[PDB]
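A short write-up of the structure that comes next.
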There are 4 protein chains.
Amino acid sequence: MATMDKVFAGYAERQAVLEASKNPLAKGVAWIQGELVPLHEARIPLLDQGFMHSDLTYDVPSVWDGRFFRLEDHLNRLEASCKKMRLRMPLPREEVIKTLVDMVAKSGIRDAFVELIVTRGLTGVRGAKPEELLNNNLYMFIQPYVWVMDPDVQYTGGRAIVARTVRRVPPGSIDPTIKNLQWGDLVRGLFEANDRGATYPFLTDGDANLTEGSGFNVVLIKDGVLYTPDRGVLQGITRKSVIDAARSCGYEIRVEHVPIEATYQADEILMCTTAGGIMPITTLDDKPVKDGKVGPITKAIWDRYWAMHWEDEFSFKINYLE
Amino acid sequence: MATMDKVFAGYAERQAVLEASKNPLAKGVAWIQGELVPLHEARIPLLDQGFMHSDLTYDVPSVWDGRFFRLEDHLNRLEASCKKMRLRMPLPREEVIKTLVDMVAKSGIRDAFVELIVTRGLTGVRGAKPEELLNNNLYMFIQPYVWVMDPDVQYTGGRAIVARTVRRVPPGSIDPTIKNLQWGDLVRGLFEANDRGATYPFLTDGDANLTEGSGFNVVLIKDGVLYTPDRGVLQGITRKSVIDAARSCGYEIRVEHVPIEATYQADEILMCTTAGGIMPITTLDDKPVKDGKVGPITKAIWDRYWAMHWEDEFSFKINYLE
Amino acid sequence: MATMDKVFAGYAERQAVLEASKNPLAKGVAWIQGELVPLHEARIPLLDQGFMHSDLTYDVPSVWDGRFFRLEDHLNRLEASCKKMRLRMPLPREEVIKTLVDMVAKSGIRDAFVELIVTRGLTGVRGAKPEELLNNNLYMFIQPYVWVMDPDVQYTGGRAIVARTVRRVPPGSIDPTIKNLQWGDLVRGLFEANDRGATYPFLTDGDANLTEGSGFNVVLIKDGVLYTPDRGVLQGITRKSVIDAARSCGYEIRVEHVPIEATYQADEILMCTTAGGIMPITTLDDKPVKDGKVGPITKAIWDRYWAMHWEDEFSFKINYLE
Amino acid sequence: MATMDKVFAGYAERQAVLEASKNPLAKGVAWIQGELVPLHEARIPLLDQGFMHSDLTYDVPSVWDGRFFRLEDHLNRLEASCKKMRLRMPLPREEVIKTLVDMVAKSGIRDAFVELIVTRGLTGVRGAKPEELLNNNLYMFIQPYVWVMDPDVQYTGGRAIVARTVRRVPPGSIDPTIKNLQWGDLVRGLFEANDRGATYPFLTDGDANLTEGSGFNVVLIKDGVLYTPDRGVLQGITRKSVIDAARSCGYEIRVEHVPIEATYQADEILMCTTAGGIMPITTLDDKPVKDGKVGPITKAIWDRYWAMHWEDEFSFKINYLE
Ligand SMILES: Cc1ncc(COP(=O)(O)O)c(CNc2cccc(C(=O)O)c2)c1O
Ligand SMILES: Cc1ncc(COP(=O)(O)O)c(CNc2cccc(C(=O)O)c2)c1O
Ligand SMILES: Cc1ncc(COP(=O)(O)O)c(CNc2cccc(C(=O)O)c2)c1O
Ligand SMILES: Cc1ncc(COP(=O)(O)O)c(CNc2cccc(C(=O)O)c2)c1O
C-alpha cells in the first residue's frame with residue numbers, strides 16, 4: 001500500500017480495537033520457562049546472568065497488520081549473535097515460531113513488538129569451565145508496537161544532535177553487530193540529547209565517523225545517493241529493508257564509512273528501526289536539514305518499506321483464530 | 001591478625017558451620033520490594049530496566065568473620081555512581097544499613113558477599129521525560145563469600161594473560177568508575193583467557209596501557225614501588241585498601257598510567273577485589289613472573305589488607321542475635 | 001611590568017628598530033653544521049631523516065626584551081624528549097647556550113623565536129642496528145618573535161572551534177609530551193577552523209575530552225578555578241608558567257581530564273604558547289564565551305606571565321655587545 | 001619470468017655493473033628547483049614546511065630491470081593524496097615523467113627506488129589564508145633499489161612481532177591512505193621489534209585488528225584464502241598487485257577487517273611493499289608460522305608479482321641512451 005495517511009489510518013483502527021480489549025493479554029504476554037504470563041506480571045530469576053552481567057543477546061522482530069515482518073531474518077541474526085557469544089538457542093526454531101505465533105494470536109495484538117532474549121543462564125562465566133555454561137535461558141515477550149518516533153511526528157521529522165559527551169562502544173570492546181542490552185553509551189546519548197533540547201542522539205566512533213543512535217541506524221541522503229555506516233553499528237533489519245527499498249525504487253545506497261561532517265552536508269537524514277520504521281530527521285544540532293522538511297527520497301523509502309509488509313517475500317500472515 | 005594460614009583457617013571453621021546449617025537462608029537471602037526471599041527463589045520484574053537495558057549501577061561490600069568491611073566507603077561509591085547516572089538510592093542510608101545487617105544476621109553467614117543494585121526502574125529512558133525516570137528500583141542480596149582466586153591458589157599465584165582480542169570499554173562510552181554490570185568486554189576477556197590456557201584476563205585501553213580485569217584491579221610491583229592504573233578502571237575499595245596498606249607497611253604506591261610493557265617487566269603482580277582480596281599472579285602469557293613465586297611485597301600487602309578486617313577504623317561487628 | 005599596553009608598546013619600539021636594520025641577520029640566522037647562515041638562505045641535507053621521516057624532536061624557547069625566558073626548562077624538556085626517542089643532544093649544553101646567545105646577539109633581535117631541532121641524522125631507523133643510529137643531527141635558528149594571536153587581537157579575544165573532523169593523535173601512537181613536527185592532525189584542525197570561519201582548532205582525544213590545539217595548550221576558567229588537560233598534550237612551558245602565575249596570583253589550577261562539555265560551560269577560555277603568550281578565546285563554535293569579552297582571571301594571568309619575563313628566577317639578560 | 005633464483009640472479013648481474021660505475025649519479029640523483037644534483041649532495045631549504053611540519057605527501061614508484069613498474073598508479077595515488085591535503089602537483093604529469101625518465105637514464109640505475117615529495121612550500125598553514133598556501137614544492141630523487149627484506153632472507157622468511165607498546169595512528173588523526181612521512185608510530189614499532197629480537201613490527205589499530213607495518217602492508221593466508229586489512233592502512237601498489245596476482249593465480253583475496261588473532265592462526269604470512277616486493281614472514285612473536293617455512297601460496301604470489309614487471313600492462317621500458 002504505502003502512503004503515510006493510509007498506513008497510519010489502518011494502525012489507528014486496529015489500535016482502537018486493541019485499546020477496548022478485555023483480554024488480560026492485550027497489554028502483552030511473556031513466555032517464562034514454558035508458561036505464558038501477562039507481560040506486566042512477568043518475572044525472571046534474580047540470579048539469571050542476563051540480569052547479573054547483562055550476559056545475553058536479543059532480537060526484536062515485529063508484527064504489522066497481523067503479518068510477521070522478516071521473521072527469519074531476525075531469527076538468523078539472533079542465531080548468529082548467539083554463536084558469536086558462545087550461546088545457543090534453547091529451543092529449536094519450529095518450537096520458537098510456534099510459540100511466538102501462539103502468543104501473538106492469544107494476545108490479539110495486530111501491531112506488535114516481539115522480543116526474544118537468550119542469556120548465559122544461571123551460571124556466570126567468571127570461574128566456570130566452558131562446559132558449565134551451556135544451560136542458556138530463553139525469554140520471549142510480545143507487547144503493543146512501540147514508536148521511537150510517533151506517527152504524527154513522521155510527517156515533519158524530528159530533532160537530532162551529534163553527541164559530543166559520549167561515543168559509541170568500539171567493536172573491539174563489544175561487537176555492535178551482536179544485538180545487546182548493554183546500553184550505557186546509548187543512555188548517555190539520550191540524556192545528552194534531552195539536555196540539548198533534542199530527542200535523537202547520533203553517536204560517533206570517537207574517530208570522527210558517524211555510527212548509530214539509541215535504538216536506530218542512521219542513513220544520509222546526498223545528491224540522490226544514500227549513505228549508511230558500515231562499521232560500528234548493528235546491521236539493522238530495517239536498514240537491510242532500506243537497502244532493498246533503495247534498489248527497488250532505483251537509488252544507489254553505499255554502506256561505507258560516513259565521516260561525521262557528512263551529517264552537516266546531507267540533503268535528507270532518516271533513522272531506521274523496527275520500533276517505528278522510517279523516521280525522518282529535519283533538525284540537526286538546532287539547525288534545519290536543508291529546508292527543514294521531509295525529503296523526497298526519504299518519502300520514497302518510507303512508502304516502499306511499508307509496502308513490503310504486505311508482500312510474501314518479506315512477511316507472513318498470522319491466524320488469530322478469532 | 002594476618003598470615004595466610006590463620007586467615008584461611010578461621011574461614012574454614014566458619015564455613016564448616018555454615019555448610020551444616022538447616023537455615024533456609026544459609027545459601028543467601030534477597031530483598032525484593034520490602035520482602036526477604038531465599039536467594040535461589042528470588043525473582044525480579046521482566047520489565048525492570050536493570051534487565052531490559054542493564055540501566056543500573058551496583059556495589060558489593062562484604063562481611064568477614066561477622067564484620068562489615070568498609071561499608072560506608074561502598075555506600076558512598078554507590079551514591080556517587082547513582083548521581084553520575086541520574087539515579088537516586090530508593091531508601092535512606094539508615095534503612096539500607098538496618099536492612100543489610102538484618103539480612104546478614106538472619107542468614108547466619110559470617111563471610112558474605114553483600115550486593116546492592118539500583119536500577120532505572122520500570123520506565124525506560126528512551127522516549128521519557130527526565131521527571132518520568134525518578135522511580136528507581138533497589139535490589140539487595142547476600143550470599144556466601146565468593147573467591148575469584150581460591151585460598152589454596154593464593155599461596156602459589158595464578159595465571160594471567162594480557163588480552164589481545166578485546167580491550168576495555170573506554171570511559172567516553174561508559175565511565176568505568178561507575179560500577180556496572182555491562183560486562184561484554186570482560187566476558188570476552190574471560191573466554192580469551194580460557195582459550196589461551198589462563199584464568200585472568202588483563203585488558204588494555206586500546207592505547208597500549210594496562211587497565212583492569214574481569215572483577216579486579218591490577219597492581220604491579222617494580223623495584224620496591226607499587227603501580228596501578230589511574231584511568232580506565234573502577235576505583236576499587238580493595239585497591240583503596242592496598243593504597244592504605246602500602247602507606248602503612250611503608251612502601252610507595254603510584255596511581256598513574258601503566259604502559260602495558262610494565263606488566264612484562266614487573267617483579268611481582270597482584271590482583272585485588274572484594275571477591276577474594278589480594279590475589280597474586282605468578283604466570284603471565286605462559287611465562288613466570290620473575291621466579292614464578294609469590295613476592296615479598298605482595299605478602300606484606302596481603303597480611304595488612306586482612307589485618308584491617310579486625311580494625312575499628314575499617315570494620316564493624318554485626319550482632320547475629322544467635 | 002605587565003599591562004597589555006605597556007608590554008606591547010615596548011615590543012613596538014623594539015620592532016621599529018629591527019624593521020629598519022641593515023644587518024643581513026635581522027630576519028633570522030641558522031646554525032647548520034657549525035656555520036651561521038641567514039635564515040632564508042639556510043639549507044639542510046635532503047637525506048636527513050628529520051625530513052625523510054620527520055624523525056626528530058624540537059623545542060622553541062624565546063627571547064623577550066633581550067632576555068631569554070625559561071631557557072633551562074626548554075633545554076631540559078628537549079633533553080627528556082631526546083631520551084624518549086633514543087636521540088642525544090649532539091653538543092654539550094654549554095656549547096648550545098653559547099651558540100644560541102651568539103646567534104641572538106649577532107642578529108640584533110630582541111624579541112625572538114629560538115628553535116632547536118635534533119634529528120636521527122642521515123641513517124634511517126628502518127633496517128639499522130641501534131648502534132648505527134647514534135650520529136644525530138642538530139639544527140638551530142632564530143627568527144623574529146611569531147604571534148599565534150596578534151597583539152591587537154589579544155585585547156578582544158579570538159575565535160575557536162571544537163574540531164569535529166579530526167582528533168588528536170593518541171599517546172599510544174605518538175607521545176604528545178615529546179614535542180614534534182608530525183602535525184598531520186593539527187594541520188587538519190587548522191583547515192577545519194578556517195572552513196568553519198574560525199582561527200583556532202581545539203582537538204578532542206576521540207573519547208570526548210579536550211586536549212590541545214595547533215601550537216598551543218588550552219586552559220578553561222570556571223567559577224574562579226582554572227582547568228587544563230593532563231593527558232594527550234604537550235606539557236607546555238607557557239602552561240607551566242600559567243600554573244606558576246595562578247599560584248602566585250592566588251588561584252587554584254587543576255591539571256586533570258577536561259570533558260569537552262566543559263568548554264561550552266567555561267567562564268573564560270585562554271590558549272597558551274611560547275609563540276604569542278596568553279591568548280584569550282571569546283567566541284567558541286560561533287557563540288560568545290559568556291559575555292564575549294576577555295575575562296578578569298585571564299587578565300590576571302596575562303599580566304603575571306609577562307611580569308615573569310623580567311624576573312631573575314625565570315629569565316636572563318643577553319649582552320648584545322652593540 | 002619469476003622464480004626467486006632467476007629474478008635475483010638478474011638483479012645481481014645488474015648490481016655488479018652499477019657497483020663498478022664511475023658515474024657520479026650512480027648512487028642516485030635529486031631534482032631540486034629544476035636542477036639535478038648527486039643524491040648525497042642534495043639540499044633543501046630549512047624553511048620548507050615539508051621539514052618544518054612534515055606538511056607533505058609522497059610516493060615511491062620503482063624501476064626494475066630498466067622498466068618502470070605501475071608508474072601511473074603511483075602518480076594517480078600521489079595526485080589523490082595531494083587533493084586530500086589541499087596540495088597540487090607543481091609540474092604537469094608529462095614534465096614529471098620526462099624528468100623522472102631523464103634522471104633514471106642519467107644515473108644508469110636499472111633497479112631503482114623513485115621518490116616524489118610534494119610539500120606545502122615555504123608558507124606554513126598556521127596563520128595563513130588558503131590562497132597563501134598554493135605555492136607548493138616538489139622534490140624528486142632516485143636511488144638504488146632498497147630491500148626491506150634482503151633477497152637471501154626471502155627464501156626462508158623473516159621475524160615479526162605484533163607490537164604491544166604502540167598502535168597505528170588512527171585515520172581520524174591522519175588518513176593512512178595519504179602516503180606520508182609522519183612515522184612516529186612506525187619508528188616506535190621498529191624499536192620495539194628490535195628490543196624483542198625481531199625485525200618487522202605489525203601494528204594494531206588499538207581495537208584488536210591488524211593494520212600495517214613500518215613500510216609494508218600485511219597479508220595473511222588461511223585455508224587457501226588471502227586476507228588483508230581494509231582500513232587503517234596505505235592502499236599499497238604492491239598490495240594492489242597482490243590482489244591482481246591472487247585473481248590471476250586463481251585464489252580468493254578478501255580486503256576486510258582482520259582481527260589480530262588471525263595472525264596467530266595463519267597458514268602463511270607475507271609483507272608487501274615497493275621496497276622489496278613480496279616478503280615472507282615465518283616467525284611471529286618468537287614462534288614459527290605453521291612449519292616455519294615459506295608457504296606455497298606465498299610462492300605463487302611471489303612469482304606472479306615479479307612476472308608482472310615484464311608485462312606491458314604493468315610496466316614500460318626506459319631508454320638509457322647508453
Ligand atoms: C543500537 C541499535 N541499532 C540499530 C537498531 C535498528 O535495528 P533493526 O532495524 O534490526 O530493528 C536498533 C533497534 N533495536 C530495537 C528494535 C526494536 C525494538 C527495540 C526495543 O527493545 O525497544 C530495540 C538498536 O537498538
Ligand atoms: C571491573 C572491576 N574492577 C575492579 C573491581 C574490584 O573492586 P572492589 O575492590 O571495589 O571490589 C571489581 C570487583 N567487582 C566485584 C566485587 C565483588 C563481587 C562482585 C560480583 O558481583 O561477583 C564484583 C570489578 O568488577
Ligand atoms: C602541540 C603544541 N602544544 C602546546 C604548545 C605550547 O607549548 P610551549 O608553551 O612550551 O611553547 C605548542 C607550542 N609549540 C611552539 C611554540 C613556539 C613556536 C613554535 C613554532 O615552531 O612555530 C611552536 C604546540 O606546538
Ligand atoms: C606505511 C606503509 N604501508 C604500506 C607500504 C607499501 O606501499 P606500496 O606497496 O605502495 O609501496 C609502505 C611503503 N612505502 C615505501 C615504499 C617504497 C619506498 C619507501 C621508502 O621511502 O623507503 C617507502 C608504507 O610506508
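In the C-alpha cells, chains take the letters A, B, ... in the order shown, each chain's residues start at 1, and ligands count up from 1 in the order shown.
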Point to revise | helix (DSSP H, G or I) call set, DSSP backbone run, region 20-260 of chain A, as a VMD selection string | key: chain A and resid 39 to 41 49 to 52 71 to 85 93 to 107 130 to 132 151 to 154 184 to 195 237 to 248
Practice item. Name the residues of region 100-165 of chain B that come out as strand (DSSP E) in a backbone DSSP run; write them as a PyMOL selection string. Key: chain B and resi 112-119+137-144+158-162
Take the residues just selected and output them with N, CA, C and O atoms as a PDB file, in the first residue's frame.
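Here's the written file selection_15.pdb:
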```pdb
ATOM      1  N   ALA B 112      30.565 -13.065  53.902  1.00  0.00           N
ATOM      2  CA  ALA B 112      29.490 -12.804  52.956  1.00  0.00           C
ATOM      3  C   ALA B 112      29.879 -11.799  51.895  1.00  0.00           C
ATOM      4  O   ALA B 112      30.611 -10.848  52.141  1.00  0.00           O
ATOM      5  N   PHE B 113      29.294 -12.044  50.725  1.00  0.00           N
ATOM      6  CA  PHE B 113      29.183 -11.144  49.611  1.00  0.00           C
ATOM      7  C   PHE B 113      27.845 -10.357  49.833  1.00  0.00           C
ATOM      8  O   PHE B 113      26.818 -11.003  50.062  1.00  0.00           O
ATOM      9  N   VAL B 114      27.858  -9.024  49.708  1.00  0.00           N
ATOM     10  CA  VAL B 114      26.675  -8.198  50.010  1.00  0.00           C
ATOM     11  C   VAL B 114      26.352  -7.178  48.905  1.00  0.00           C
ATOM     12  O   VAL B 114      26.899  -6.071  48.897  1.00  0.00           O
ATOM     13  N   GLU B 115      25.485  -7.567  47.973  1.00  0.00           N
ATOM     14  CA  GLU B 115      25.303  -6.761  46.774  1.00  0.00           C
ATOM     15  C   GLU B 115      24.095  -5.832  46.873  1.00  0.00           C
ATOM     16  O   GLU B 115      23.032  -6.198  47.401  1.00  0.00           O
ATOM     17  N   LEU B 116      24.279  -4.621  46.351  1.00  0.00           N
ATOM     18  CA  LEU B 116      23.190  -3.644  46.215  1.00  0.00           C
ATOM     19  C   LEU B 116      23.117  -3.226  44.757  1.00  0.00           C
ATOM     20  O   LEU B 116      24.149  -2.973  44.146  1.00  0.00           O
ATOM     21  N   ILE B 117      21.915  -3.219  44.193  1.00  0.00           N
ATOM     22  CA  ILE B 117      21.711  -2.816  42.788  1.00  0.00           C
ATOM     23  C   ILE B 117      20.666  -1.719  42.736  1.00  0.00           C
ATOM     24  O   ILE B 117      19.590  -1.879  43.294  1.00  0.00           O
ATOM     25  N   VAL B 118      20.981  -0.597  42.070  1.00  0.00           N
ATOM     26  CA  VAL B 118      19.975   0.446  41.865  1.00  0.00           C
ATOM     27  C   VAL B 118      19.704   0.549  40.380  1.00  0.00           C
ATOM     28  O   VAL B 118      20.629   0.805  39.596  1.00  0.00           O
ATOM     29  N   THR B 119      18.449   0.322  39.987  1.00  0.00           N
ATOM     30  CA  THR B 119      18.134   0.359  38.549  1.00  0.00           C
ATOM     31  C   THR B 119      17.268   1.557  38.217  1.00  0.00           C
ATOM     32  O   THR B 119      16.613   2.123  39.103  1.00  0.00           O
ATOM     33  N   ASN B 137      14.532   1.487  41.169  1.00  0.00           N
ATOM     34  CA  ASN B 137      14.333   0.262  41.972  1.00  0.00           C
ATOM     35  C   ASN B 137      15.623  -0.161  42.672  1.00  0.00           C
ATOM     36  O   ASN B 137      16.727   0.064  42.157  1.00  0.00           O
ATOM     37  N   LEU B 138      15.475  -0.713  43.867  1.00  0.00           N
ATOM     38  CA  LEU B 138      16.594  -1.242  44.647  1.00  0.00           C
ATOM     39  C   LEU B 138      16.452  -2.760  44.817  1.00  0.00           C
ATOM     40  O   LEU B 138      15.369  -3.251  45.158  1.00  0.00           O
ATOM     41  N   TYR B 139      17.534  -3.508  44.566  1.00  0.00           N
ATOM     42  CA  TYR B 139      17.583  -4.934  44.910  1.00  0.00           C
ATOM     43  C   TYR B 139      18.818  -5.132  45.776  1.00  0.00           C
ATOM     44  O   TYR B 139      19.865  -4.543  45.506  1.00  0.00           O
ATOM     45  N   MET B 140      18.710  -5.940  46.832  1.00  0.00           N
ATOM     46  CA  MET B 140      19.866  -6.221  47.666  1.00  0.00           C
ATOM     47  C   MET B 140      19.888  -7.718  47.937  1.00  0.00           C
ATOM     48  O   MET B 140      18.842  -8.375  48.021  1.00  0.00           O
ATOM     49  N   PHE B 141      21.075  -8.290  48.048  1.00  0.00           N
ATOM     50  CA  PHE B 141      21.161  -9.719  48.405  1.00  0.00           C
ATOM     51  C   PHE B 141      22.470 -10.038  49.062  1.00  0.00           C
ATOM     52  O   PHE B 141      23.475  -9.354  48.834  1.00  0.00           O
ATOM     53  N   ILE B 142      22.442 -11.069  49.899  1.00  0.00           N
ATOM     54  CA  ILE B 142      23.701 -11.567  50.401  1.00  0.00           C
ATOM     55  C   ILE B 142      23.858 -13.020  50.039  1.00  0.00           C
ATOM     56  O   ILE B 142      22.887 -13.752  49.810  1.00  0.00           O
ATOM     57  N   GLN B 143      25.112 -13.416  49.884  1.00  0.00           N
ATOM     58  CA  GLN B 143      25.393 -14.811  49.561  1.00  0.00           C
ATOM     59  C   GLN B 143      26.729 -15.132  50.211  1.00  0.00           C
ATOM     60  O   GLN B 143      27.475 -14.237  50.598  1.00  0.00           O
ATOM     61  N   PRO B 144      27.030 -16.428  50.364  1.00  0.00           N
ATOM     62  CA  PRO B 144      28.349 -16.770  50.873  1.00  0.00           C
ATOM     63  C   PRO B 144      29.488 -16.141  50.048  1.00  0.00           C
ATOM     64  O   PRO B 144      29.403 -16.045  48.819  1.00  0.00           O
ATOM     65  N   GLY B 158      48.274 -17.179  40.470  1.00  0.00           N
ATOM     66  CA  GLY B 158      47.511 -17.609  39.304  1.00  0.00           C
ATOM     67  C   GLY B 158      48.127 -17.262  37.962  1.00  0.00           C
ATOM     68  O   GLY B 158      49.191 -16.617  37.869  1.00  0.00           O
ATOM     69  N   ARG B 159      47.412 -17.692  36.917  1.00  0.00           N
ATOM     70  CA  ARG B 159      47.832 -17.499  35.530  1.00  0.00           C
ATOM     71  C   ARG B 159      47.002 -16.427  34.849  1.00  0.00           C
ATOM     72  O   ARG B 159      45.757 -16.562  34.744  1.00  0.00           O
ATOM     73  N   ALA B 160      47.682 -15.389  34.362  1.00  0.00           N
ATOM     74  CA  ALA B 160      47.051 -14.293  33.619  1.00  0.00           C
ATOM     75  C   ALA B 160      47.513 -14.204  32.183  1.00  0.00           C
ATOM     76  O   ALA B 160      48.600 -14.673  31.813  1.00  0.00           O
ATOM     77  N   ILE B 161      46.710 -13.553  31.367  1.00  0.00           N
ATOM     78  CA  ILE B 161      47.139 -13.123  30.048  1.00  0.00           C
ATOM     79  C   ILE B 161      46.828 -11.641  29.853  1.00  0.00           C
ATOM     80  O   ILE B 161      45.859 -11.127  30.424  1.00  0.00           O
ATOM     81  N   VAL B 162      47.637 -10.956  29.053  1.00  0.00           N
ATOM     82  CA  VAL B 162      47.211  -9.678  28.528  1.00  0.00           C
ATOM     83  C   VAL B 162      46.297  -9.948  27.322  1.00  0.00           C
ATOM     84  O   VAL B 162      46.711 -10.565  26.328  1.00  0.00           O
TER      85      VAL B 162
END
```
Exercise for review: Show me which bits of chain A are within 9 Å of chain B, counting only C-alpha atoms, as a PyMOL selection string.
Suggested key: chain A and resi 30+39-47+50-56+85+125-127+129-130+147-149+165-175+180-188+190-191+194+199+206+214-215
Please produce an output containing C-alpha atoms for each residue in the selection, written as an mmCIF file, in the first residue's frame.
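Saved the output as selection.cif:
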```cif
data_model
loop_
_atom_site.group_PDB
_atom_site.id
_atom_site.type_symbol
_atom_site.label_atom_id
_atom_site.label_comp_id
_atom_site.auth_asym_id
_atom_site.auth_seq_id
_atom_site.Cartn_x
_atom_site.Cartn_y
_atom_site.Cartn_z
ATOM 1 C CA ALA A 30 5.649 -13.263 28.217
ATOM 2 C CA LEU A 39 3.629 -9.035 30.471
ATOM 3 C CA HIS A 40 3.295 -6.707 33.490
ATOM 4 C CA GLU A 41 3.213 -9.717 35.843
ATOM 5 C CA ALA A 42 6.230 -11.476 34.301
ATOM 6 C CA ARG A 43 9.251 -12.128 36.488
ATOM 7 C CA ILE A 44 12.707 -13.655 35.932
ATOM 8 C CA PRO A 45 15.214 -15.177 38.345
ATOM 9 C CA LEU A 46 17.416 -12.596 40.112
ATOM 10 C CA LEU A 47 20.423 -14.877 39.539
ATOM 11 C CA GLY A 50 21.164 -11.760 31.708
ATOM 12 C CA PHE A 51 20.494 -9.572 34.770
ATOM 13 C CA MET A 52 23.645 -10.195 36.856
ATOM 14 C CA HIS A 53 26.072 -9.323 33.965
ATOM 15 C CA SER A 54 23.808 -8.446 31.006
ATOM 16 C CA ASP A 55 25.261 -11.650 29.551
ATOM 17 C CA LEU A 56 22.829 -12.030 26.708
ATOM 18 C CA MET A 85 28.685 -15.171 22.201
ATOM 19 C CA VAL A 125 31.252 -17.129 33.031
ATOM 20 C CA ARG A 126 33.687 -15.935 35.703
ATOM 21 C CA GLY A 127 35.139 -19.006 37.407
ATOM 22 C CA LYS A 129 34.611 -24.113 32.676
ATOM 23 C CA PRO A 130 33.107 -23.741 29.172
ATOM 24 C CA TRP A 147 7.255 4.123 18.281
ATOM 25 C CA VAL A 148 10.719 5.651 18.552
ATOM 26 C CA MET A 149 9.090 8.478 16.532
ATOM 27 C CA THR A 165 29.864 13.926 25.542
ATOM 28 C CA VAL A 166 29.845 10.208 24.651
ATOM 29 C CA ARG A 167 30.924 7.975 21.791
ATOM 30 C CA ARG A 168 29.812 4.505 20.686
ATOM 31 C CA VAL A 169 31.335 1.494 22.431
ATOM 32 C CA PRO A 170 34.013 0.300 19.958
ATOM 33 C CA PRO A 171 33.729 -3.125 18.315
ATOM 34 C CA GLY A 172 36.985 -4.262 19.995
ATOM 35 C CA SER A 173 35.150 -3.954 23.341
ATOM 36 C CA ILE A 174 31.651 -5.137 22.339
ATOM 37 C CA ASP A 175 30.776 -6.202 18.798
ATOM 38 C CA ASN A 180 22.738 -6.358 23.006
ATOM 39 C CA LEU A 181 21.249 -4.628 26.027
ATOM 40 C CA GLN A 182 24.455 -3.005 27.289
ATOM 41 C CA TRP A 183 23.195 0.450 26.598
ATOM 42 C CA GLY A 184 25.450 2.578 28.824
ATOM 43 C CA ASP A 185 26.638 4.787 25.974
ATOM 44 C CA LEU A 186 23.231 4.976 24.253
ATOM 45 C CA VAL A 187 21.600 6.041 27.571
ATOM 46 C CA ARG A 188 24.281 8.761 27.948
ATOM 47 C CA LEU A 190 19.682 10.034 25.296
ATOM 48 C CA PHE A 191 20.350 12.233 28.314
ATOM 49 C CA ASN A 194 17.451 15.855 26.194
ATOM 50 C CA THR A 199 15.285 13.763 21.023
ATOM 51 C CA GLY A 206 35.459 8.630 18.586
ATOM 52 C CA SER A 214 19.853 4.870 20.737
ATOM 53 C CA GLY A 215 17.696 2.190 19.034
#
```
Exercise for review: Would you mind listing what lies within 12 Å of residue 152 (chain B) as a list in words, with only C-alpha atoms counted and same-chain residues fewer than 2 positions away left out?
Suggested key: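 Near residue 152 (chain B), the qualifying residues are residues 4, 5, 7, 8, 9, 12, 147, 148, 149, 150, 154, 155, 156, 157, 158, 276, 279 and 280 of chain B.
Coordinates place CA of residue 271 (chain D) at a distance of 8.5 Å from CA of residue 213 (chain D).
As for CA of residue 33 (chain D) and CA of residue 26 (chain C), they are spaced 26.2 Å apart.
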Check your understanding: What is the CA of residue 236 (chain C)-CA of residue 216 (chain C) distance in Å, reported with one decimal?
Key -> 7.9 Å
Practice item. Might you pull out every residue within 10 Å of residue 261 (chain B), with only C-alpha atoms counted and same-chain residues fewer than 4 positions away left off, and present them as a list in words? Key: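 In the requested form, the answer reads residues 208, 209, 210, 265 and 266 of chain B; 164 and 165 of chain D.
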Could those selected residues go to a file with C-alpha atoms, as a PDB file, in the first residue's frame?
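The file below, result.pdb, is the result:
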```
ATOM      1  CA  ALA B 208      48.944   0.276  24.957  1.00  0.00           C
ATOM      2  CA  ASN B 209      48.190   0.846  28.713  1.00  0.00           C
ATOM      3  CA  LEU B 210      47.058  -1.571  31.378  1.00  0.00           C
ATOM      4  CA  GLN B 265      58.976  -6.147  33.485  1.00  0.00           C
ATOM      5  CA  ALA B 266      57.231  -6.443  36.883  1.00  0.00           C
TER       6      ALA B 266
ATOM      7  CA  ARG D 164      52.311  -4.142  22.052  1.00  0.00           C
ATOM      8  CA  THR D 165      53.819  -0.770  23.056  1.00  0.00           C
TER       9      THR D 165
END
```
Check your understanding: Of the residues C:105, C:260, C:1, C:316, which is the one nearest to residue 304 (chain C), using only C-alpha atoms?
Key ->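 Answer, going by the shortest atom-to-atom distance: C:1.
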Check your understanding: Any idea what's packed within 10 Å of residue 77 (chain D), counting only C-alpha atoms, ignoring anything in its chain fewer than 2 positions away? Could you give it as a PyMOL selection string?
Key -> chain D and resi 58-59+71-75+79-83+177-179+235-237
